[PDB]
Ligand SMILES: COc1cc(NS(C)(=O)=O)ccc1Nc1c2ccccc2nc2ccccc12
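Encoded as structure tokens, the following chain is the form deposited without the ligand, with no partner shown.
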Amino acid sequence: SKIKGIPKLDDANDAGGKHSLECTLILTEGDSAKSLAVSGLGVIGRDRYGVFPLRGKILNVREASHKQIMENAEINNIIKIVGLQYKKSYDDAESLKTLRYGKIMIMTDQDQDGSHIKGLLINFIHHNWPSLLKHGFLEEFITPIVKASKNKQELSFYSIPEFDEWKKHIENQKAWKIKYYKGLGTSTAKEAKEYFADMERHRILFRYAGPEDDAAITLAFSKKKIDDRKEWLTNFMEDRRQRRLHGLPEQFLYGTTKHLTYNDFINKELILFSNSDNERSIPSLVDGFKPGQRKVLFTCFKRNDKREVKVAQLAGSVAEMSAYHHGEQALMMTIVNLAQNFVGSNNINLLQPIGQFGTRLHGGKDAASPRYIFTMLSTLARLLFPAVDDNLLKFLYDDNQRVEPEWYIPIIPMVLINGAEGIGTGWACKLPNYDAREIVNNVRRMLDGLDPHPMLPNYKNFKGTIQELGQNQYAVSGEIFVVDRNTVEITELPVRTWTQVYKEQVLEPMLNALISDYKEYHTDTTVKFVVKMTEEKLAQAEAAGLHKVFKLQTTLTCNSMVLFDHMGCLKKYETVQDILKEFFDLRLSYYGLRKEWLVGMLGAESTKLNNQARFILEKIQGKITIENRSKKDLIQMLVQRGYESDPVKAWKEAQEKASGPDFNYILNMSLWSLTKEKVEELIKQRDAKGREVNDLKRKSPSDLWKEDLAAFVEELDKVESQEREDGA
């Protein structure tokens, strides 16, 4: 009846006595949620509601030892607060009178981590007392997901779809102050009080629908269901693929039925968390990025820094502009790693390492501070991701801020150039580096209908051998040479073998013993060991294989090239040629999309200039007058002279679809534009746009693609020789 020894509990006054059946325990995600609940309960709500804060996430009792389960405090505290007993089973519904509370309301954010907390609570109840799920023991508190204001009255919406109709009707398109309320902490105490008054509109009931619910709860959490989870996630991504392809909606959007089955919870909400590690750790085939990198790169494109900037400052822009959520240290690493250009790192660094960004001596771990190192876009970045193609991408949203796209579409497969690595949940990705110029020539070959050449791994500035050993496996070897009867020289190490690691782990143990001495003659970018041996020891080494003895042999694999296809669905790829083809077809499609976009925009820009120049000409020649005329008078004069409303604005509206006339594009022009040199400059601008339209109409999507490849290679030549000059 009275709980002793649990201080964080706001025990309901009527809980644990008569009328226990009518009491509800609210488990909240941390203290911030608890305060929200307290605000809503006020004083009059403390009779029939109790609140208890969960520290972190409940233990997964389905895959834990007995010692862990009887010791865990949250579980024992929950059991004591509610009145649960292991010895009971609660098969008879009347047994719920033995409990201090009749219902548990789980109160978390409507997000993946909150989904996980909800799931672990259900897992806890299902594992020990499966019968409880059937009695309506569990429910969740759900806030509205979006609010908007129309004519100073704020309307609230409980599903994304419900918001989506209301915003399509014309009367509701000047909607103002749109806010999303997925997180609990977004709501004020004032709003929290409004919810708890209409408790029933925010109460959602977990309904047990049959044996399918037991399997789902066990599927999501059981230790011995590892492979079924991989199958479970695989089907989620294929079904998501079909939905997007057929134009259908998605299963779940984090909005409210008054009833939710455990089945639909496990397969529609928790799956999103269960798959979240995959979506974050494994790159897209389209551009070779994980979403964290894409956000950094997207921030860079939006800034478009003509001058270099501190990494610490760029990290600020990324957090500001793209909603990066992985924390500052991860963000700095993402920026630094996108700029490294040492042997074993990027073959094309898309960001410039202006400072100590790390070397091959330590594998990039020797980078200097983000408050002292500067970066900026490589001059190759926009040549690989042309700005114009931005107009064809699907940009995502973080609640109401528009951010990076689901992918960029580079002119060649970048996933193959700087490689790809990531461990997911039941999948892993390993993919070596391939030569940029070879991929351009294979793309060029595919455009001419020819046969693509086979592609072997290739690392920029790597001086060793990469040979096929069969079965998508390759043998990477450094360089070692006998110079006299006692000396061998090591001038190259296997790709990804770092100079300090090799020294500590290979050479040093060999001296304490195969070798009698060794000296170092490295630079920051090259390796040179001079190793001394007794004649017999060298002779032995010569007979076992110098590369083997000195551990200058490592192997690369192509047996785990897992990537997201352009539709977000994980897929295993068997050869890089398969990757290059799936990319190639998609990229060629977007060159057609780019030409269609350009034809419309260029034709629109042409009409814009036609009218702009026409006005200036009619003004200088006195056929129209602007002085001391009303805005209403001036607008009608343009209409009767047949000037066109802003054509670029019209075209953009037409694209986005699938007051009165807009002449600001004419009258916002400066007074300067009436002066001789500006009249001449405007006319030239107009005539050039006319040419630009005709010039593009005579080009194929392939011609455009070949154009970009040429511009890329030229700059690649220039930049890469510039690097070699600056090295010695």
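Basically, rigid core = biggest C-alpha set you can superpose within 1.5 Å across the two forms. Start at 1 and count along the sequence shown; that's the residue number.
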Can you check if, in at least a third of the other PDB entries compared, residue 250 has no modelled coordinates?
yes
Quick check on residue 659: across the other compared entries (only those modelling residues on both sides), is it unmodelled in a third or more?
yes
Answer with none, 1 to 3, 4 to 9, or 10 or more: how many deposited residues between residue 256 and residue 257 are not present in the coordinates.
1 to 3
From residue 512 on to residue 513, does the model leave out none, 1 to 3, 4 to 9, or 10 or more residues of the deposited sequence?
4 to 9
Mean Cα B-factor comparison, 36 to 44 or 696 to 704, giving the higher one as deposited
36 to 44
Mean temperature factor over C-alpha atoms, higher-scoring stretch between 181 to 189 and 81 to 89:
81 to 89
Specify which of 668, 673, 60, 28 carries the largest Cα B factor in the deposited PDB entry.
60
Among 249, 600, 353, 413, the highest C-alpha B-factor in the PDB entry belongs to 249
Relative to the other modelled residues in the chain, which third contains the C-alpha temperature factor of residue 661: lowest, middle or highest?
lowest
Residue 467 by Cα B-factor - lowest, middle or highest third of the modelled chain:
middle
Based on the deposited C-alpha B factors for this chain, I'd like to know if residue 239 is in the lowest, middle or highest third.
highest
Position of residue 427 among the chain's modelled residues by C-alpha B-factor, lowest, middle or highest third:
highest
Among the modelled residues of its chain, does the C-alpha B-factor of residue 382 lie in the lowest, middle or highest third?
lowest
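The same protein also has a form solved in complex with the ligand, omitted here; what follows describes it.
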Given the pose of the ligand in the bound PDB entry, superimposed onto this structure around the site, is the binding site open or blocked (3 or more ligand atoms closer than 2.4 Å to backbone or C-beta atoms counts as blocked)?
blocked
Which of these residues, 55, 699, 678, 46, gets a heavy atom within 4.5 Å of the ligand in the bound PDB entry?
55
Let me know the one among 400, 621, 555, 329 whose heavy atoms come within 4.5 Å of the ligand in the bound PDB entry, would you?
329
Can you tell me which of 35 to 43, 55 to 63, 660 to 668, 683 to 691 lies within 4.5 Å of the ligand in the bound PDB entry, counting heavy atoms only?
55 to 63
Is residue 489 close enough to touch the ligand in the bound PDB entry, meaning at least one heavy atom pair within 4.5 Å?
no
Heavy atom to heavy atom, is residue 73 within 4.5 Å of the ligand in the bound PDB entry?
yes
Can you spot, among 405, 592, 545, 130, the one with a CA shift of 2 Å or more between this form and the one not shown after core superposition?
130
Please say whether, between this form and the one not shown, the C-alpha of residue 500 moves by 2 Å or more once the core is aligned.
no
Taking the rigid core as reference, does residue 669 move its C-alpha 2 Å or further between this form and the one not shown?
yes
C-alpha of residue 14: shift of 2 angstroms or more between this form and the one not shown, rigid core aligned?
yes
With a change of at least 3 Å, which way does the C-alpha separation between residue 427 and residue 59 go in the bound PDB entry: closer or farther?
closer
